[PDB]
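Colleague: Quick one: experimental structure and sequence below.
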Amino acid sequence: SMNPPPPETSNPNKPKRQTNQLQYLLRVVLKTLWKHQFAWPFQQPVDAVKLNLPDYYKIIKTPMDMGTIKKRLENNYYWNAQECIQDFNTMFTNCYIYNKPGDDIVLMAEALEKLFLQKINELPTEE
Amino acid sequence: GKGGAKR
Ligand code: NA
Ligand code: NA
């Protein structure tokens, strides 16, 4: 069994930017979720080999995780906040697609997502 | 799915 290559965290052709909102996404939003007790299943790409999930990457064709997001933000990989928010949304959605209600992983995703939504509700302006 | 107990 094999994992796919992980999502890129750097791309020498992709224009780079740090906006006040992107700074907030790294320093407040990602930081708060990263430290959370439920963060660990989301801190790296799903290892379908190690977790013996041979259908994982049959079902999930746009994988995303907070490790990837963290490195993207550290590398100024994004042009804007919305790209980064989309990646978080994709991570949560994948989890809900692949798993079932009542599964701990789903309960975990939901608590992180509620916190994520709370934090992004107060994105700063480029003030 | 990843049904295992995690919490
Ligand atoms: Na790539
Ligand atoms: Na700032």
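Modeller: Looks like it came in fine. Numbering: from 1, shown residues only, chains lettered A, B, ... in the order given. Ligands and ions are numbered 1, 2, ... in the order given.
Colleague: what kind of secondary structure is the residue nearest to residue A:99 when sequence neighbours are not counted in?
Modeller: Among residues not flanking residue A:99 along the chain, residue B:1 sits closest, at 4.0 Å (C-beta to C-beta, 6 or more residues apart in numbering or on different chains). Placement of C-beta: from N, CA and C, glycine included. At residue B:1, secondary structure determined by DSSP: H, G, I helix; E, B strand; the rest coil is coil.
Colleague: ok, residue B:1 - contacts?
Modeller: A:98-100, A:103, A:105 (C-beta atoms under 8 Å, 6 or more residues apart in numbering or on different chains).
Colleague: now do residue A:11
Modeller: So residue A:11 contacts residue A:77 (C-beta under 8 Å, 6+ apart).
Colleague: Quick one: name the residues of chain A near ligand 2.
Modeller: A:20, A:23 (C-beta under 5 Å from the ion).
Colleague: Now do the helices in chain A.
Modeller: Along chain A, the stretches classed as helices by DSSP state H are A:20-24, A:31-34, A:56-59, A:66-74, A:81-98, A:104-120.
Colleague: Buried residues, the last one. List them.
Modeller: It refers to helix A:104-120. Across helix A:104-120, burial judged by 16 or more other C-beta atoms under 10 Å in any protein chain shown covers A:104-106, A:108-109, A:112-113, A:116, A:119-120.
Colleague: What about chain B: which of those touch it?
Modeller: Among those, the residues lying close to chain B (C-beta under 8 Å from any C-beta of the partner chain) are A:104-105, A:108.
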